[PDB]
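The structure appears right after this line, and notes come after that.
Counting convention: from 1, in listed order, for ligands and their atoms alike. The residues of the chain are indexed from 1 along the displayed sequence. Note: hydrogens, waters and symmetry copies are ignored here, and every other heavy atom, side chains too, is used.
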Amino acid sequence: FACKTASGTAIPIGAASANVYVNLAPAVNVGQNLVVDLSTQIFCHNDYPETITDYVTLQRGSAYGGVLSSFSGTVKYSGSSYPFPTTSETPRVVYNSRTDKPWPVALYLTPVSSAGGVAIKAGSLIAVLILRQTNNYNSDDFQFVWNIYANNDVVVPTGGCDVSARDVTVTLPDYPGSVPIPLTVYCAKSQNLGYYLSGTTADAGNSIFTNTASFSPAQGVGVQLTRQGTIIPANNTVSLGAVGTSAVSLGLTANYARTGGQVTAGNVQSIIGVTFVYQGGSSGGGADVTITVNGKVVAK
Ligand SMILES: *[C@@H]1O[C@H](CO)[C@@H](O)[C@H](O)[C@H]1NC(C)=O
């Protein structure tokens, strides 16, 4: 049983522990989300098929590591789906040829939110998989571990929906003026989706985000979000209707809005969160998207 990664790196044969660096492409799917499809990342063969037939199983206790360790999901192992972390034995994968074959494994996460995400940095541990190798001629076995590490920066979705970006920055024209906010959402299947804004507001109406610019800021002005002129206050669910596989724009626009007194020259900045919720669902977790709105009041 000899394996290698898609990037050509050999996995130490017969080692009790190995660190395997792999690329992940997480995605929302119906009922569960893909974290990493290892069948496109790990390829294995038998160097001596005439003298031995290799059998490899995934063992109980295989689980996500690091920032994913509190999430439950499933593992698809050679066509069969199991709870992950693993509590059951898996069928054997037979290696009876010198021709490379993908290691038929994909790791999934059970959706818990509407459009939440978990950032995975490159070089971080994503899973600790326990393998057991046997053969067809004697009772010798070998139990070893593959520590799966991320090659790339990725965001693993934790809900039924995903966004065009997790962080969006827009620049308003000089006061007064408006700018569209490019931000869309889609769901693996049709969801009655909504969202709400969060941040710090300056007004009684809870609809003008405070200017938090630290250097030479303006006074008397904040940032207000609109949807075709309609004003969106903070902490107020806005329905998007039914959102399916085709991306739906939130239709948001940033504007300046007065907070009292003269609007004076300087920088304007507001950091606004966007959190998605299903119709009649709880407002769990933090912001799904962070919008940074920059602006400037210029003295005449
Ligand atoms: C948002 O609204 C909900 C419902 O009234 C309330 O429980 C929560 O405290 C509000 N949060 C803020 C920051 O106003």
Under 6.0 Å between ring centres: does that hold for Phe144 and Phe142?
yes

Judged by modelled atom types alone, do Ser113 and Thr158 share a side-chain donor-acceptor pair under 3.5 Å?
yes

Atom 14 (O) of ligand 1 has as its nearest protein heavy atom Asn235 ND2, 3.4 Å

Please check if the distance between the ring centroids of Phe71 and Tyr64 is under 6.0 Å.
no

Under 4.0 angstrom from atom 5 (O) of ligand 1, is there any protein heavy atom?
no

Can you confirm whether something in the protein, heavy atoms only, sits under 4.0 Å from atom 12 (C) of ligand 1?
yes

Any luck finding a side-chain donor-acceptor pair between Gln228 and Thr226 under 3.5 Å?
no

Determine whether any protein heavy atom is located less than 4.0 Å from atom 2 (O) of ligand 1.
yes

Could you tell me whether atom 9 (O) of ligand 1 has a protein heavy atom closer than 4.0 Å?
no

Would you say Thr5 and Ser7 are linked by a side-chain donor-acceptor pair, where the criterion is simply a distance under 3.5 Å?
yes

